[PDB]
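Peer 1: coords below, sequence missing:
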Ligand SMILES: Nc1ncnc2c1ncn2[C@@H]1O[C@H](COP(=O)(O)OP(=O)(O)OP(=O)(O)O)[C@@H](O)[C@H]1O
Ligand SMILES: Nc1ncnc2c1ncn2[C@@H]1O[C@H](COP(=O)(O)OP(=O)(O)OP(=O)(O)O)[C@@H](O)[C@H]1O
Ligand SMILES: Nc1ncnc2c1ncn2[C@@H]1O[C@H](COP(=O)(O)OP(=O)(O)OP(=O)(O)O)[C@@H](O)[C@H]1O
Ligand SMILES: Nc1ncnc2c1ncn2[C@@H]1O[C@H](COP(=O)(O)OP(=O)(O)OP(=O)(O)O)[C@@H](O)[C@H]1O
């Protein structure tokens, strides 16, 4: 078969049909009317998807018996002038079979590793001291002219793909460059089944651990991200019910091999493996501080228009990109309702583009950071992006109005830039100044808006205060004798200010302290 | 059972579960219930908390006997190109257990003493001739395929966490990114108990020396900030015993003994003024130069509404970020009331963000120095940052009113940026221009404001003049006749200008000058 590779069947059976496909079955047919074989394979990917696991395995499944593994910068560090000589001493042991042939999956491989250390010169003369180019075109020309080997396979990999030389990406040199992305929901029940297979115990981990329960809520992070989930829990199982009393002067195995329980894994994804991507815990709980109380009908009227528009994103093909805009008065709770819509949306990739992780950045350094978030939402099938607090990305201020034009015209594009075809993106935006964006025609950019009001009547003010539950029934009555019939207009976040400044007074005085602060 | 590390019972037992739960305990169930061992630990921190203590101690409680201790920029040494000769001879002796001794000991450690000067990988390779892009992935690919079980355990530590390359912190290479901060109240009677253990007259120093009483008032500053307390207290007790002007060594101990008193510790609390985290009157008395006299209820209404709002920060968990804005006319003693609210609050961390230390800074350097102050607040349990004199940080001037947009957008974010979970902050703002900060939408951002007024009546002027104690009782009688009838309006700082400008006249003309300058 192969050693365990999870969720890469549309790639490993795709470098079947470019490299593996020849060289075993058609040497009686290519000898009739064939052509040259493949030359080399490139491997895209964010770190953690399983690039290197292929070259450990395709260096062994090929039965080649000479895996000439090189590191990336392993060549460069010789004396100045003689740097380029190592790679031509690397092909030369293969190059003696210029005169021969063979059978059973042809047997010379060269494996680079993060190849964009050597293979720089994307077209911008990247580097100096005259070596950053000469080790490129030494390597450009050992696999084209003159012809050789017809039996090597330069399996390269990298993390930064589009910086390799474009003359080294043509099919004469590296035939197949291939996107190895993170596995989907179907791919993560493949890979959990692999790293919990040599585990036997009672039965293959335990009796209680459902890997399908660990498939769906471990919902986006990649391969070695997921290997660390198993490896941490069985390490917590090395401190649980057999070794929970190690007490650094250790015991031996006295309590005899506790199975890795279900409480191990959901403590390990609780603490401390962040998915580093970051999905299903980006700490959106910093934005939803005091929960989501349904203080009125205009809360339910907002978040149902979440799912009546989230399901527009999940089940369409006419509109691959839906961009909504939450608006309303300040302190009204828009960032929470942008997160609570996005968290209850159950998309894989939920990234809150909040400007607090961008403080002090210039007009360029925000656009280079917003580019990184929207490219991380282009690498997913289903993704949501909260572009939070529009008037702080645009560094806006109403004195003679100044703002960033450079961020604006790199945000008016990204509300109308389609993803790769077949991929869905939900953009949620929060703003407190609607009629500023009415000038800049960003209301024209969003698909539709959702007005988030303040608390409207005195019934909602009590209903916001019943659910928080801070005041006594007699103490609620005095406020009920004031605002019932009056006209209050104040946000929910500002209501959390006025409740909490009120409690720090005397216990008989916590009522009209709130009623003094409510007047403004 | 273990050599001294103070107050890191959680963090040191959390690398028990990572690089200490496997690899030693069962030690044959690991190969039965298959599992790779972890490849290293990452140590965050503010400077001086026991990051390098957790290399030297962890290199001696492993019984590993060969810590390959490298330094931070140690590797980079040779000519350009030649740098990676060190970071592949670094793993080379541990590579040589890829032998017939494949498993089974196992000689591990490599200590990156300051990793952030090696690993950046900024993704756009903005660096000439290969500075920080080929020492990174030579390192990224000598700890991956092809690999053994394997031998190594790479411990890297840094003052600056996030500037490390995000490709390297995957669960393959460096699993745990462990937070080593400043210790709490109970962690410090661990570390005072460690360094004063060998300190002895018999086993301890004296009787009046109690570390548990010095645990609670040396409250904020970290471990290396606290060993300097112990070392400079016995240093004070040297010169208490010996005499030192010349090379004189003459004792041959004069009391025939030596012990360190409690008065020798708190002599070195006038030095070591809780550096970089905390104050014990740490020379912010240059903002209160002439005291805070209470000339009426409009001072007591100011410094109690501060200390009520301090109770909101300390007790509450609904609103973990509380902000205030002391406002009023110029020369009204606003800065001095802000430091007095902070000094009467007994917070650990009281840093004053002030424009007087920022003279001549450009618009970028005002944001990053303001960002450095709040990031020190975010590394404490409690904190209170006095953002003083808003319209000088914003470098405001109202002729076609020009200001720094970038400072205002690095200030409207930080007044709402929440500290991490369980930590508090109290931002106190002073400004002279209520209306201009309304025009910038900043009075929106603060929770509440306190109008600090001028003295408005003749009675408050006479009461302010008694408490200073400048004039004479018959001379104040001349003042008491004149300042009544008409109502005056002047600040408290401007009042201190006029009194000193009036004392320097002739003594027969001090009073008839002070009543002349006060006409405007
Ligand atoms: N699809 C997969 N199936 C099984 N295991 C996987 C898969 N993807 C990743 N892994 C795990 O990831 C670990 C190493 O992956 P790899 O080194 O390829 O990450 P990478 O970032 O792609 O490589 P590099 O770090 O060299 O760039 C292996 O231990 C392997 O168990
Ligand atoms: N139904 C609700 N909708 C929104 N927020 C709520 C609700 N119920 C309670 N809250 C609390 O109110 C707070 C709202 O804070 P939030 O920053 O979202 O207000 P905001 O209007 O976005 O302020 P700003 O616009 O200045 O960022 C959250 O901490 C949340 O816990
Ligand atoms: N928890 C602790 N217990 C005992 N001593 C400590 C503790 N924390 C710090 N120290 C003291 O701090 C000193 C070194 O501190 P630390 O290891 O934090 O330096 P560092 O910040 O790691 O320096 P660098 O990062 O440059 O290596 C030692 O003298 C050690 O005794
Ligand atoms: N009751 C009081 N309140 C405030 N300040 C007082 C009081 N009594 C005396 N002072 C003195 O008044 C001085 C005012 O200092 P401060 O810098 O606060 O003035 P200010 O109003 O902030 O000036 P500016 O508005 O120009 O910054 C302080 O040195 C303080 O010692």
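Peer 2: In hand now; what should we look at? Numbers count the residues shown, from 1 in each chain, chains lettered A, B, ... in the order given. Ligands and ions are numbered 1, 2, ... in the order given.
Peer 1: quick check: phi and psi at residue A:48.
Peer 2: phi 130, psi 0 (degrees, to the nearest 10).
Peer 1: excluding sequence neighbours, find me the nearest residue to residue A:449.
Peer 2: Using C-beta to C-beta, 6 or more residues apart in numbering or on different chains and skipping the chain neighbours, the partner closest in space to residue A:449 is residue A:325 (4.6 Å). All C-beta spots, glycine's among them, are computed from the backbone N, C-alpha and C.
Peer 1: how many residues are close by that neighbour?
Peer 2: 25 (other C-beta atoms under 10 Å in any protein chain shown).
Peer 1: could you do the one 4 residues further on as well?
Peer 2: When neighbours are defined as other C-beta under 10 Å, residue A:329 has 18 of them.
Peer 1: quick one: stretch A:211-222 to chain centroid distance?
Peer 2: 14 Å (C-alpha atoms, centre = their mean, to the nearest Å).
Peer 1: the residue nearest to residue A:449 touches residue A:444, doesn't it?
Peer 2: No. At 10.8 Å, residue A:325 does not count as touching residue A:444 under the criterion of C-beta atoms under 8 Å.
Peer 1: give me the contact list for stretch A:166-174.
Peer 2: A:39-42, A:119, A:122-123, A:136-137, A:139-140, A:143-144, A:154, A:156, A:177 (C-beta atoms under 8 Å, 6 or more residues apart in numbering or on different chains).
Peer 1: straight-line length of it, end to end?
Peer 2: 10 Å (C-alpha to C-alpha, to the nearest Å).
Peer 1: if we can go back for a sec, for whichever strand or helix holds the residue nearest to residue A:449, name the packing helices and strands.
Peer 2: Assigned by DSSP states H and E, residue A:325 belongs to strand A:321-327. For strand A:321-327, the elements it packs on are helix A:297-314, helix A:334-343, strand A:424-430, strand A:448-451, judged by 3 or more C-beta pairs under 8 Å, 6 or more residues apart in numbering or on different chains; DSSP states H and E.
Peer 1: what strands line up against it, and which way round?
Peer 2: Strand A:321-327 pairs in its sheet with strand A:424-430 (parallel), strand A:448-451 (parallel), by DSSP bridges.
Peer 1: is the next helix or strand after the first one up against chain B anywhere?
Peer 2: The C-terminal neighbour of strand A:424-430 among helices and strands, as given by DSSP H and E, is helix A:434-437. No. Under the criterion of C-beta under 8 Å from any C-beta of the partner chain, chain B is not reached by helix A:434-437; the shortest gap measures 10.4 Å.
Peer 1: I'd like to know which of the helices and strands packed on strand A:321-327 lies nearest to ligand 2.
Peer 2: Within those, the stretch nearest ligand 2 is helix A:334-343; the backing value is 3.4 Å (C-beta to the nearest ligand atom).
Peer 1: tell me the angle of the closest one relative to strand A:424-430?
Peer 2: Computed by axes from the mean of the first three to the mean of the last three C-alpha atoms, to 10 degrees, the angle separating helix A:334-343 from strand A:424-430 equals 160 degrees.
Peer 1: in chain A, which residue is closest to the centre?
Peer 2: residue A:277 (3.3 Å; C-alpha atoms, centre = their mean).
Peer 1: out of everything not next to it in sequence, what's closest to residue A:246?
Peer 2: residue A:239 is the one closest to residue A:246 (C-beta to C-beta, 6+ apart), at 6.6 Å.
Peer 1: isn't residue A:237 up against residue A:263?
Peer 2: No. Using C-beta under 8 Å, residue A:237 makes no contact with residue A:263, being 9.6 Å away.
Peer 1: quick one: which of those two has more around it?
Peer 2: residue A:237 (27 against 14).
Peer 1: please name the nearest non-neighbouring residue to that one.
Peer 2: Closest to residue A:237 by C-beta to C-beta, 6+ apart is residue A:260, at 4.4 Å.
Peer 1: check which residues of stretch A:343-361 are buried.
Peer 2: Residues A:343, A:345, A:347-356, A:358-361 are the ones in stretch A:343-361 that count as buried (16 or more other C-beta atoms under 10 Å in any protein chain shown).
Peer 1: which one of these is nearest residue A:459?
Peer 2: Using C-beta to C-beta, residue A:343 is the member of the buried residues of stretch A:343-361 that lies nearest residue A:459, at 28.2 Å.
Peer 1: measure residue A:13 to residue A:56 for me?
Peer 2: Separation of residue A:13 from residue A:56 (C-beta to C-beta, to the nearest Å) stands at 18 Å.
Peer 1: more neighbours: which of these two?
Peer 2: residue A:56 (17 against 10).
Peer 1: ok, for the more buried one, nearest residue in space, not its chain neighbours?
Peer 2: Using C-beta to C-beta, 6+ apart, the closest residue to residue A:56 is residue B:145 (4.2 Å).
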